[PDB]
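Residue-level structure breakdown
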Amino acid sequence: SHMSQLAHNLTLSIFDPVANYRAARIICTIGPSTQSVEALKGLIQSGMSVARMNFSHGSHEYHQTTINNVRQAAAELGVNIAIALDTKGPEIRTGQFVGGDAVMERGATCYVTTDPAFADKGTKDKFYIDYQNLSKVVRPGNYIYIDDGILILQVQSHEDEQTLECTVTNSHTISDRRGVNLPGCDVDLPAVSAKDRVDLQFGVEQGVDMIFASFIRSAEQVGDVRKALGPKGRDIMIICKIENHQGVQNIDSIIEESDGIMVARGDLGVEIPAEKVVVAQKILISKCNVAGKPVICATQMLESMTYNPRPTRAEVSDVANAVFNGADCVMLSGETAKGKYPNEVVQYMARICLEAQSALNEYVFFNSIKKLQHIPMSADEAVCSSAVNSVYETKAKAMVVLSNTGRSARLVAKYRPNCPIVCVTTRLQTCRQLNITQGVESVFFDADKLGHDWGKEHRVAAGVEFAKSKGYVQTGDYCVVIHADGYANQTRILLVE
Amino acid sequence: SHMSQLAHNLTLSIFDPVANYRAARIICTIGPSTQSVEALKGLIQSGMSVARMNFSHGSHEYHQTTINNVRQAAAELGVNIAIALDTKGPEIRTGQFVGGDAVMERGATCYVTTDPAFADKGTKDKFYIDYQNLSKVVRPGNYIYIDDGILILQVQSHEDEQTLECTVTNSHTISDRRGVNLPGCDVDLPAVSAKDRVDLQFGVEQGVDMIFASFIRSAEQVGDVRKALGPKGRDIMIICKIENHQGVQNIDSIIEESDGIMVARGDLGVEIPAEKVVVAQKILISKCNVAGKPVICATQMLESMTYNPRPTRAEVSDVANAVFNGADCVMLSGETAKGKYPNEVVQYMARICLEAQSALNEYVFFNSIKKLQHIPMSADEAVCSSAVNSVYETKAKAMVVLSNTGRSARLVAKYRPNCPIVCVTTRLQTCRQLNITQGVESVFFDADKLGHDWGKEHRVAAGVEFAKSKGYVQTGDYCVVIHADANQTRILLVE
Amino acid sequence: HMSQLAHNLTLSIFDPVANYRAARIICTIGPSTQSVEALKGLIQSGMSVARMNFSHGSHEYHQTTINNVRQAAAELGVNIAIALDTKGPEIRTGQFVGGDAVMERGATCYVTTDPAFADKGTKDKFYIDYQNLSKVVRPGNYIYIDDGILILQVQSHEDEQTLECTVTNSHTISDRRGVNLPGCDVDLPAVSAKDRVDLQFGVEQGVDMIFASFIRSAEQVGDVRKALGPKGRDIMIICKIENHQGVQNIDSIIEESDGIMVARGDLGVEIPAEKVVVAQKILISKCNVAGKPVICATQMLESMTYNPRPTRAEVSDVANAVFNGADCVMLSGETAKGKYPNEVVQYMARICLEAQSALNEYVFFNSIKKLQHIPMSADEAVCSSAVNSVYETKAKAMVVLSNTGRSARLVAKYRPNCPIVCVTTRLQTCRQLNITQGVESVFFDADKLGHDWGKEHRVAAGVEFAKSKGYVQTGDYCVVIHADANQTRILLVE
Amino acid sequence: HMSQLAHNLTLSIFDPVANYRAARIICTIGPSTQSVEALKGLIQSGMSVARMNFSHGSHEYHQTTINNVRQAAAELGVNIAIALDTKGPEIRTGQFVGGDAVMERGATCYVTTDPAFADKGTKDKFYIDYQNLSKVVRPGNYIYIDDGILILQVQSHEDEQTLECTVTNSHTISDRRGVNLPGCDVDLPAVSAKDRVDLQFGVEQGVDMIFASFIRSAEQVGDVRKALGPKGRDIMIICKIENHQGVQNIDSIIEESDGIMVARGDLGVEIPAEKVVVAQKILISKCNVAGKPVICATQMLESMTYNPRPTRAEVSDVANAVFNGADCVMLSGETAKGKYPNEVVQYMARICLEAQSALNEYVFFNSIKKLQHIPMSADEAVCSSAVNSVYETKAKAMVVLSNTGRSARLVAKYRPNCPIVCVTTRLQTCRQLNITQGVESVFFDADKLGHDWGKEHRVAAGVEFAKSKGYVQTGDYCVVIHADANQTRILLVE
């Protein structure tokens, strides 16, 4: 019997043809070294499906350019690249430093103020932290984690109402404006602060496709986001970023009430042990798989390619095992944001994603997933899992989903067929929005030009002809056609003509 | 965990409402006590779906009458009753006896002859056997089996070219013209005798729906029967009767080449031990479910109700278990042909079938069958097996299968959904012909009167309405629609 | 190879029968089989359990059965269990003038509780032994005489002891027949004062098990136990399920008793016959998962009471009782008053052997396995993991050392595809194991052949039996198990 | 609840870590961990195997490694395995004047086989030790240098010993680096004269296992056993899979060797990085199914050679080596020339502990069982059934009496959710089990504490170890097993 992965690894051979449709999706973070149309085209061409604007930095005019360029680059290449707005959030940062940085030393005693006068002239003996309620929330004995939690200062006493005496436990030199975390204090900051509310309204007007919501801990907080986007942005997706343990603990309620998860390894790892982050990843990705919402593998992906032409052995296994975990998206930050090799990172990630995938036990995923759905299931759920089951039964070589919001294509993608899925939509912003779901590819069908398509056949042909041109289907091959969402519900098996 | 029948048994309570819609189908043998339109109406009304005509008896005129009445009775009630023409076959029989019977006592010597002169005036001391090359095929020491093999004669020598000296081993008294079996001789008779060919042509002209071909041993003999049916009957269903051990052996090549099987326990029992025949049944019924072609639990069904008002505690278990094995159909012979209780026999069998069926693990069938299909499967095969899988996932209280030849209805029927299957046909014969396939009902759709229906949605509506008015589905209930040959599945939210 | 259906495709009727019947046969003793010569025949035809029906005959009569069975079995060097089937809360009609009655339909008739009318009853007025009948019966209620194929309907009280009754179903009735009262409180004690003495008789005579009649409560079993005394703590209690009051309770009744008997006939009194079949499946599958013995009970090979061969259906009935999962099949009238007691059993052997050797053995082991609460008790794991070892090695026999039978019964629970050979110091264990399928019991006399502190001697005797019955040869594998402490060997039969 | 996906849904990181590390850690001893003081520290941090890399250093040197490992583990009263990793058919470049070369791009450079260039090479012409190099290479061929990251193209033969080469890739290369020749029959024998001598030294010093290099062929393993000779028959042969010829022949190789090491580094030379990941899965799962130890091998925690903390990716990579199914993880240079040798092992242990205590155990047990041929031999079944018992009973530890250690190794194969405690009279079994996951050895001296014929003393010692490690308590169940015969017990720990 060919039950589960172990059984499957025994057949696999690396010398066999790399089965060619890359399911996994790549997000890049745009920044100084990739903002230009020209360099964006390269990103698209290397394998980007999502541009990620990071609102922790840059004016609106900045991001506005990133928005205009992405659109133009994409239009020139004739593809659809989803734009994502990534929330600043309830961030806590240190001030700047005189000279480059600090040089925090071990034995050292140092001072930390919430006095803004020390922002523009920070020093390694005393520096700024922008969290105004710092000295009203911290006791002596507590630690302040700085710079990805790699620098730890214990708090010793209150120098003044605004300044903190601090011992320096760890030691390492640190750059301008770094990530501060206060374990064991209620950080009162709201998940959608004054700035975010205006950042998110900017995103709605500009027609972003999704939000990457930073530091979500509450099921209730995802609510504050939805509300701040307003009804004029009821259709924009909310992809919650899990960054702290409060978020892991509340993953279920957060998933039940969101559109997807980004598993932010870097941040979790600030106060979660690095080895436990590995498990955390597995748990998060799989909860998402089961729920059928998109999940993104987060930070420190191919980290060495920010400054080197070739990634390290380990970095590679990290990407591969991310796919194996069951990731929809892998993502790059600095590597493409400020990196010295923006095309090469994306290309190489694409290759690793392609490989890993073609070695996965595609089936088990489906079977495992089916076995966990509550029966009796909703028509459209059954409609999809049966279609996927049909793919497997017939060895069908492509699926054509006619989907208009994405619901269907996303709920099919849930059941992991061993073939490419081709989504055909009259909504362009669906094409974009399906760039975070694995294995789906979107073919736009223009209802303004090519008619209303009542008989629904014109759109199905459009899907097959695409599938045909991509190499998925040849005259003879089978093809599972599905439509879900009183009509709705419908599946054909087509003989590709 | 709930994997198989044992698990399922622990939850069942006999006191629970009996899931209505008897899946199994009933075949009756028409004869003197059921030929009247009047009696046939009661038979139909009692639970009959298939009227079997046994051509081992009666002129064409007799069966013309059977057909005419079966038809008119059914037409009057507004139902579709399939007519089976049961082949005579390669039958060996004895002649007649002076007075009712024989009276074979034990160590007695008797003479068996192939001389037709003795056919009308036979005796316990010497009588006729119609198979002409009897003497030319039998060695001394062979047993001659008579009357469902309950009387065994041993052959001692040839008295002349036409007569055999026989010793009597079993003692029983025997009626006129009983079945004769010769174990261990080449019974050279054709599987389609010259008489069979005319009977079969008579079948094609009167528009029978199927042949119940007796004594099939070959892959190739099923051919012989089709070639005899001619091209004007290219559509008539051949059901192969498995009646002997040469038959069980070749069951596989036979199934692969026929439209269905009848497990004739009585005839298998002539020279296979009863206990073995039980297992034979089990094999043949499962071999047919996986093959997806009909199977009929054949003989001696509810036997004592030929002449008693109520059947025996055993006869019932025997029926219950027939449905449990996975039979499509249950057939009566003597009970309805000559029977003193033709209605009550069908009603009781109706009731037993409903009960057993409603206590069977429907799912374990589906899955067990799904996991025995060689992948990759042909589109419609998958389309159906997944359409069923859709049912179990949604607890859909009905299915609507639009099928023209019955192929699709039959292929869904194979995967045992736990609900009524409602077929819609634009061919009337498909309605009759589906009466041997389990848990399916047919709604006819007159493409002549009600339009040719392109969008195939007028037809669905009808299939749904039926289901709605049979009690199967209401507003809110889910319903699975399927058409194959092509390929299309909907899940309807019945309004 | 998941399920039976899949397995059925591979079977062939022309393949040799695997020689070892696993199901066990119980025969009821009566006039035609009480003699040592008749019992010898019965044993050799394949009887495993002498059933004494205490509804009929004195102790002296039953004493004779007990003495004669013992003497028969001994002469053949075999061990035969002895069941004391209980009378219980029976209601019977009185006697009749001339053979029977002949109840015709539209007839009005009279049913008394007055004892005077016992030995001289007619079809116009006849006795019923239930004293409180008239006090528990509203007019309109049906009375069910004779396995409930004669249905009276009550019309009024002619007096305190007599009921006016209209006759519904018309069929003639013999002497003294089973009366049943649907929808009344039959106040009859499960263990009655006459039953008390009966049970104690069995305790003194060393019967091996009781077939307690008409069990309705988990508690009623208690009544049987409390009456067997502390001197009969070892006697097995098999509950007979004879009514819907006991089908509904089957669950708690299994959890308390030592095993079930599925009395199809007496269930069939008011439960429609078709359902009885399903009830049969449920009870057997329930006992099976519980790992306690279950007997398919009445109306078995019913025509072989007067005929030399059974009816087609009477065969399927037996065959299906084995597939259903039963440990035992029973014969009542067929062996008790039958004309062909030997031939009756000899078919039942043959049918059992046939059914049993076509029955997918694995699907059982797996089905029961996948229904046990985890974590399971050591002894439980021990056996299942041994039966697992059996399938993994294709081991051709098992050897269980059990002193009470517990271990053997827990091995037999998980259905290996081979014989189980039990080895015991207790003789009563040999007998007691005659109702659990797939086991054969070898006596090992701790008295004459030493105590066996190594267990190595009893095991040689296990294998040696196995080897002799043609189960295992030099080369074969034998799974050796001892539970309760908790040990399992896989032997390479020398 | 079927597979990892289902199990992942339950898991939470805040559920306390299970306190037993199954994964085993091998360290390559080098110039920074050869002292007893340093070896104590390694062991204490979690090293189970000292690897002697014979590509470098004299016999004298490794003699020192052998003596110290011995003495350190004796002082700490622990049993520590000594592995001899073989040089094999290595192709290496000579030394360079200055530190190294600095290969700039499209520049012509020369390659000699002429020894007189070995000690004084330049970036313009340098030595390579393979003699038939120029007899075996065509113009148009590639010479790979330094684990792949420098590619030369052969242009023409300057002379019988010198190749003209264009430099394709630009990176500088240190002293004596590895040379590879793709699409050339590298003829060198798998066990060379120098290796033959090396192995005999191994045998004489009582190494416990060989880490044989560049194993391409099922019958090259044969050559290693021939060189080890009859005096070293009981030394294990762990074949290193290092080239693609070995990934193809893994099947024939595994079934013929004792175990597999997965040398990502050298596999990575001509096999694209992302494929190696897959080859790792394939090689690991293959061994698990075969029941032989597999070791994840190169570039493990690579940055901790120079840094006090690993990277995020390095951690993932270790973790996944456990999820993939490795028995062992190895550190090469990190403990050899490392600057944080203890901390390297410490961090590694910790990772392996985390990964494993979230690694669905039961799926391994089934994945493997459902892949063994039936009918399996008694000891196979005795072991699988034992584990099945472990699961049915939620037993908290196992105890194997195994002398050569076959049975322990063959139990570990089925992956119980408890620690395995192996008990042995043979000291060398204790060390040799240092490479199978989730097993610990207790040495039972047959010379001081009697022979123990009834095995009862040895089981006590089994359970006591268990007890003192906080695995089993007065109350918990413990599965005892001895195979090769074939006996399983479930003990209620006293």
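The record names X-ray crystallography as the way this model was obtained, at a resolution of 3.30 Å.

Looking now at the interface of chain C and chain B. Between chain C and chain B, the contact holds 50 residues from the first and 55 residues from the second. Its largest share of buried area at the contact with chain B, chain C owes to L5, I13 and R312 of chain C, together 17% of the area lost on that side. One can count one salt bridge joining chain C with chain B. We note a salt bridge from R351 of chain B to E274 of chain C, for which the minimum N-O separation is 3.3 Å.

It is worth spelling out the sheet that holds strand β2 (residues 49-53) of chain C at this point. All names here are of chain C. Pairing is parallel around the closed barrel formed by eight strands, whose spatial order is β1-β2-β3-β10-β11-β12-β13-β14. The mean inter-strand angle of the sheet, taken between neighbouring strand axes irrespective of direction, is 25 degrees. In this sheet, β2 lies alongside strand β1 (residues 24-28) in parallel orientation, the contact comprising three bridges. Each residue of the ladder has a partner; that of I26, found in β2, is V49. The strands that helix α5 (residues 218-228) touches are β10 (209-212) and β11 (236-241); relative to β11, the one it contacts most, it runs at about 145 degrees.

Each partner contributes residues to the interface: chain A has 55 residues there, and chain D has 55 residues. Of the roughly 5,000 Å² buried between chain A and chain D, counting both surfaces, carbon and sulfur atoms make up 67%. Together, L6, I14 and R313 of chain A form the three largest contributors to the area buried by chain A at its contact with chain D, with a combined 16%. Across the contact surface, chain A and chain D share three salt bridges. The closest approach of N and O atoms between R351 of chain A and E274 of chain D, which form a salt bridge, is 3.8 Å. Taken together, chain A and chain D are joined by twelve residue pairs in polar contact. Elements that contribute at least two residues to the side of chain A that touches chain D include exactly α1 (5-9), α6 (245-249), α8 (265-271), α9 (274-291), α10 (313-325), α12 (342-359) and α13 (362-370) of chain A. In terms of residues, the side of chain A that touches chain D owes the most to one element, α9 of chain A, which gives 13 residues. Looking at side-chain class alone, the side of chain A that touches chain D contains 27 nonpolar, 16 polar and twelve charged residues.

Another aspect to go through is the sheet that holds strand β5 (residues 125-127) of chain C. Taken in spatial order, the six strands make up an open sheet running β5-β4-β8-β7-β6-β9 (chain C), and their pairing is mixed. Of all the strands in the sheet, just β5 and β9 (179-180) of chain C have a single pairing partner and so form its edges.

Quick look at the domain arrangement of chain A now. Reports often express the size of an interface as the amount of accessible area lost when the parts come together. According to the domain assignment, chain A consists of domain 1 (1-21 + 357-496), domain 2 (22-89 + 191-356) and domain 3 (90-190). A separation of 51 Å is found between the C-alpha centroids of domain 1 of chain A and domain 3 of chain A.

Now for the domain arrangement of chain B. Residue and element names in this part refer to chain B. By domain assignment, chain B separates into domain 1 (1-21 + 357-494), domain 2 (22-89 + 191-356) and domain 3 (90-190). Between the C-alpha centres of domain 1 and domain 2 there is a distance of 24 Å. On the side of domain 2, 32 residues touch domain 1, which itself brings 27 residues to the contact. Across the domain 1/domain 2 interface, buried area totals approximately 2,500 Å², and carbon plus sulfur atoms make up 54% of it. Between domain 1 and domain 2 we count one salt bridge in total. Summed over the shared surface of domain 1 and domain 2, the result is 18 residue pairs in polar contact. Elements represented by at least two residues in the side of domain 1 that touches domain 2 include exactly α13 (362-370), α15 (407-414), α16 (428-433) and β17 (440-444). With five residues, α16 is the largest single contributor of residues to the side of domain 1 that touches domain 2. Across the side of domain 1 that touches domain 2, the residue classes break down as twelve nonpolar, ten polar and five charged.

Attention shifts here to the state of the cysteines. Any covalent bond linking the sulfur atoms of two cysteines counts as a disulfide. Throughout the structure, instances matching the rule amount to zero disulfides over all chains. Between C423 of chain A, a free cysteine, and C431 of chain A, which holds the nearest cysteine sulfur, the sulfur-to-sulfur gap is 6.9 Å. Looking at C423 of chain A, the relative accessible area reads 0%, which means it is buried. Between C28 of chain B, a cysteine without a disulfide, and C353 of chain B, which holds the nearest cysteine sulfur, the sulfur-to-sulfur distance is 11 Å.

Here the focus is the pairing of strand β7 (residues 150-159) of chain D. Residue and element names in this part refer to chain D. Where strand β6 (residues 142-145) meets β7, four bridges bridge the pair, whose relative direction is antiparallel. Following the sheet pairing, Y142 is matched in β7 by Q153. Linking β6 back to β7 in an antiparallel pair, the connection comprises four residues, with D146 at a positive phi of about 65 degrees. Relative to strand β8 (residues 162-167), β7 runs antiparallel, the two sharing six bridges. Of the residues in β8, the one forming a bridge with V154 is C165. Connecting β7 to the antiparallel partner β8 that follows it, the hairpin turn spans two residues.

Residue and element names in this part refer to chain A. UniProt records the feature "binding site: Mg(2+)" at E243 and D267, using the numbering of this structure. A maximum C-alpha distance of 5.0 Å places the annotated residues, which cover 25 residues in sequence, within one compact spot. Position of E243 among the secondary structure elements: in the loop between β11 (237-242) and α6. When residues no more than four places from it in sequence are discounted, the contact partners of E243 are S214, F215, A264, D267 and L268. A polar side-chain atom of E243 sits 3.0 Å from the main-chain amide nitrogen of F215. Within the secondary structure, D267 sits in helix α8.

A cluster of basic residues, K371 of chain A, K371 of chain B, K370 of chain C together with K370 of chain D, forms a positive patch on the protein surface. Secondary-structure assignment places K371 of chain B in the loop between α13 and α14 (379-394).

Our next topic: the packing of aromatic side chains. To describe a pair of aromatic rings, you give the distance between the ring centres and the angle between the ring planes. Scanning the entire structure with this criterion turns up 25 aromatic pairs over all chains. Residues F55 of chain B and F202 of chain B carry aromatic rings whose centres are separated by 6.0 Å and whose planes lie at 40 degrees to one another, so their mutual orientation is tilted. Placement of the pair is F55 of chain B in the loop between β2 (50-54) and α3 (60-77) and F202 of chain B in helix α4 (residues 194-206), with a sequence separation of 147 residues. As far as the burial class goes, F55 of chain B and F202 of chain B line up, both buried. An aromatic cluster is defined as three or more aromatic residues linked by ring pairs; in this entry it consists of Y363, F366, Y392 and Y415 of chain A. Taking NZ or CZ as reference, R351 of chain A lies 4.3 Å from the ring centre of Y348 of chain A, over its face. Across the ring face of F323 of chain C, the terminal group of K282 of chain B is positioned such that the distance to the ring centre comes to 4.7 Å.

What counts and how
Within each chain the numbering goes from 1 in written sequence order, not necessarily matching the entry, and residues lacking coordinates are not shown. Here the convention is simple: chains get letters from A, ligands get numbers from 1, in the order in which they are written. For side-chain calculations, the full set of non-hydrogen atoms in the structure is used, while hydrogens and water are omitted. Contact between two residues is taken to exist if any of their heavy atoms lie within 4.5 Å; hydrogens are not considered. As used here, buried area is the combined drop in accessible area, with a 1.4 Å probe, of two parts when they are placed together. Put simply, a salt bridge is a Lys or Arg side-chain nitrogen that is within 4 Å of an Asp or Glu carboxyl oxygen. If DSSP finds at least two bridges between two strands, the strands pair. We count a stretch as a helix when DSSP gives it H or I for four or more residues in a row; a strand needs E for two or more, and each element gets its number in order from the N terminus. Every angle, taken between N-to-C directions, lies between 0 and 180 degrees, and every axis is a line fitted to C-alpha atoms, over only the stretch in contact when it is a helix. Two N or O atoms count as a polar contact when they lie within 3.5 Å, although within protein this holds only if one can serve as hydrogen donor and the other as acceptor, and sequence-adjacent residues are included solely when both atoms are side-chain atoms. When residues are grouped by polarity, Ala, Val, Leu, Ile, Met, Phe, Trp, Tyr, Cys and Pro land in nonpolar, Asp, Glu, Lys and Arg in charged, and all others, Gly among them, in polar. Annotation comment: domain bounds sourced from an automatic or database domain assignment. Any two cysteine sulfur atoms lying within 2.5 Å of each other are counted as a disulfide. Between buried and exposed lies partly exposed: a residue is buried under 20% and exposed over 50% of the maximum accessible area for its type, with that area taken using a 1.4 Å probe on protein chains only. UniProt positions are given in the numbering used here, feature names are shortened, and annotations may be inferred rather than shown by experiment. Without a salt bridge and with relative accessible area above 30%, a residue can belong to a patch; like charges are then joined within 9 Å and nonpolar side chains (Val, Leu, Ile, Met, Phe, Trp, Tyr) within 5 Å. To measure how exposed things are, a 1.4 Å probe is used in the Shrake-Rupley method; for residues, cover is taken only from the protein chains shown. When charges are counted, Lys and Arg contribute as positive and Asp and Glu as negative, whereas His and the chain ends are disregarded. Taken as the charge location is NZ of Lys, CZ of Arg, CG of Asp or CD of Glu. For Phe, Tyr and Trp, rings pair up if their centres lie within 6.5 Å, where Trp contributes its six-membered ring, and each pair is then called stacked (planes under 30 degrees apart), edge-to-face (over 60) or tilted (otherwise). By the criterion adopted, a ring carries a charge over it if an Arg CZ or a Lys NZ lies within 6 Å of its centre and within 35 degrees of its normal.

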